[PDB]
């Protein structure tokens, strides 16, 4: 098994956005993710609430595309700490079965990160950290298990490199 | 109605050296009742052991149970375990913030949905607290009865707040 690459996510972005210019490629992916925010369905039951540290909007998109092409629902968390946006996060985290917080080597933490990781642990108890390496063992980012990749690929939840289980079986526990 | 002043805590501490307050709070931690439903989980940042025990005695003096807090997977299991025994979480902070504070507020928000902030100012003459970032995310505590404030003019008794 292996972990996600910044190469993997950026190439997956070009499955839905153009490969012209960094400025345009950026502006494009932000429109898809804003659209997904406006298209959140209160009556849907999403598999993964996808939260992230600061990442390229292209890389967020390519991560959303990668997980959906694997057969899972993804709501992408899309700026300060308000009573108002705390309410939106509650309603939309309750709409999800699990939470992945993605981190890159350039950004391990975020302003909202520990509150969401704490809140979703309280309501659904299924929280996993998503490591995004630049190039199966990853050691608050050590408080929860981590996500890895496995004729078709699958998502694996790791208490360690030794202890893995299918995401489908990890939700059922 | 006023906010808790640091002198108020140091006063109620005299009833019971910070190393002396540590041993009392350590005994209070060591003597944790599994079958008891505490009223308040007291979480605290930037308050010495003396000012903590003073806050504990003041709350218990008004008649409310208090279990006082005291980075690893093992400890987060104790936090979850002890937090589940309380009805509400009071977070006490003095006039930088702890790395654990947003997590605890959020977790207790998920399991019991009753989180309040307890500012410890050096002097308070009003029932008003405008806190920023996470300290403005939940209602705050003011003080005899403990009152919970969604806003300055929006106040409700602590016993009402629990049943509500």
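Of the residues in region B:78-110, how many are within 10 Å of chain A (Cβ to nearest Cβ), surrounded by fewer than 18 Cβ atoms within 10 Å (Cβ to Cβ) and part of a helix (DSSP H, G or I)?
1
Which residue out of A:67, A:45 is under 23 Å from residue A:129 (Cα atoms), touching a strand residue (DSSP E or B) at 6+ places or on another chain (Cβ under 9 Å) and surrounded by 12 or more Cβ atoms within 10 Å (Cβ to Cβ)?
Answer to the selection: A:67.
Specify the residue that is farthest from the other protein chains (Cβ to nearest Cβ); the eligible residues are those in region A:128-142 that are in a loop (DSSP other than H, G, I, E, B) and either closer than 20 Å to residue A:54 by Cα or touching a strand residue (DSSP E or B) at 6+ places or on another chain (Cβ under 8 Å) (or both).
A:135
Sort out which residues of region B:8-19 are in a helix (DSSP H, G or I) and surrounded by 12 or more Cβ atoms within 10 Å (Cβ to Cβ), and write them in order of number.
Passing the criteria: B:8, B:9, B:10, B:11, B:12, B:13, B:18.
Tell me, yes or no, whether region A:25-42 has at least one residue that is under 17 Å from residue A:129 (Cβ atoms) and loosely packed, with under 15 Cβ neighbours inside 10 Å.
no
Select, from B:22, B:36, the only residue that is on the phi < 0 side of the Ramachandran plot, away from chain A (no Cβ under 14 Å) and not in a helix (DSSP H, G or I).
Answer to the check: B:36.
Please enumerate the residues belonging to region A:114-127 that are buried (at least 21 other Cβ atoms within 10 Å of the Cβ) and more than 8 Å from every other protein chain (Cβ to nearest Cβ).
Answer for region A:114-127, where residues must be buried (at least 21 other Cβ atoms within 10 Å of the Cβ) and more than 8 Å from every other protein chain (Cβ to nearest Cβ): A:126, A:127.
Read-outs: derived from the displayed coordinates by stated rules, not from any lab. Cβ: placed from backbone, ideal geometry, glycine included. Neighbour counts: every protein chain shown.
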